[PDB]
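# based on what follows, work out the 3D shape:
(chains A and B, ligands or ions: 12)
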Amino acid sequence: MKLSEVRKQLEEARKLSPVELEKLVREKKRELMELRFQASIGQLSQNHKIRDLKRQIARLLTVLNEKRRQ
RNA sequence: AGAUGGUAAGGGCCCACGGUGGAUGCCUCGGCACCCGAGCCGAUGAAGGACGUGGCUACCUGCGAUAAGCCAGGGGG
Ligand SMILES: [Mg+2]
Ligand SMILES: [Mg+2]
Ligand SMILES: [Mg+2]
Ligand SMILES: [Mg+2]
Ligand SMILES: [Mg+2]
Ligand SMILES: [Mg+2]
Ligand SMILES: [Mg+2]
Ligand SMILES: [Mg+2]
Ligand SMILES: [Mg+2]
Ligand SMILES: [Mg+2]
Ligand SMILES: [Mg+2]
Ligand SMILES: [Mg+2]
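Numbers count the residues shown, from 1 in each chain, chains lettered A, B, ... in the order given. Ligands and ions are numbered 1, 2, ... in the order given. For reference, the structure is listed below:
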């Protein structure tokens, strides 16, 4: 993902609530499964997408944790 | 009558060139010694592991379902 889009993800994420973070992670985890399936039948040429999503989910969960941590 | 040479199945010595083999010289990612520095970790679960972890991944390294990585500060260019 582009560095600027990462900052953007963090700012937008940091504005969210725990619950909104949970919904969004769950959606991204879903979107990853779709990607996995496509990789397995050979229809995902754009395979950088998998590394990306996995890190968005990390970043989000990382932030969720920030939120709950205090 | 007499007498003396060309035989090489193969062998031997020498010479040339090779094959095998990995000495020797040079080399060094490594080791060794001394000196200096520095010296605890663990229930906030250690040391050390198992199994995982990559779009394609046998192994090693890294990492832990947030899985060759997540956030922030500093450095660097
Ligand atoms: Mg004769
Ligand atoms: Mg002969
Ligand atoms: Mg002969
Ligand atoms: Mg002889
Ligand atoms: Mg020879
Ligand atoms: Mg020498
Ligand atoms: Mg020590
Ligand atoms: Mg350990
Ligand atoms: Mg491993
Ligand atoms: Mg990042
Ligand atoms: Mg940094
Ligand atoms: Mg920086």
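# which strands and helices lie in contact with the longest helix that chain A contains?
Across chain A, the longest stretch assigned as helix under DSSP state H is helix A:18-40. Applying 3 or more C-beta pairs under 8 Å, 6 or more residues apart in numbering; DSSP states H and E, one finds that helix A:18-40 contacts helix A:48-68. For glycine as for every other residue, the C-beta is placed from the backbone atoms N, C-alpha and C.
# send the alpha carbons of the helix it packs on over as CSV?
This file holds the C-alpha atoms of helix A:48-68, laid out as CSV (Å, rounded to 0.1, in the frame of the first residue of the first chain):
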residue,chain,number,x,y,z
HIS,A,48,0.5,-7.9,-3.6
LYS,A,49,-3.1,-7.3,-2.4
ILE,A,50,-2.7,-10.2,0.1
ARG,A,51,0.3,-8.9,1.9
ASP,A,52,-1.5,-5.5,2.0
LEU,A,53,-4.8,-6.6,3.5
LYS,A,54,-3.1,-8.7,6.1
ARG,A,55,-1.2,-5.6,7.2
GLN,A,56,-4.3,-3.4,7.2
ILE,A,57,-5.9,-5.9,9.5
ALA,A,58,-2.8,-5.7,11.7
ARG,A,59,-2.8,-1.9,11.7
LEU,A,60,-6.5,-1.9,12.6
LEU,A,61,-6.1,-4.5,15.3
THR,A,62,-3.1,-2.6,16.5
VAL,A,63,-5.2,0.5,16.8
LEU,A,64,-8.2,-1.3,18.4
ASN,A,65,-5.7,-2.4,21.0
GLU,A,66,-4.5,1.2,21.4
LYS,A,67,-8.1,2.2,22.0
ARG,A,68,-8.8,-0.5,24.6
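# picking up where we left off before, pull the distance from the longest helix of chain A to the chain's centre.
Taking C-alpha atoms, centre = their mean, to the nearest Å, one finds the center of helix A:18-40 at 7 Å from the center of the full chain.
# could you tell me which residues of chain A lie near RNA strand B?
Applying C-beta under 7 Å from any atom of the strand, we find that chain A lies next to RNA strand B at A:6-7, A:10, A:39, A:44, A:47, A:50-51, A:54-55, A:57-59, A:61-63, A:65-66.
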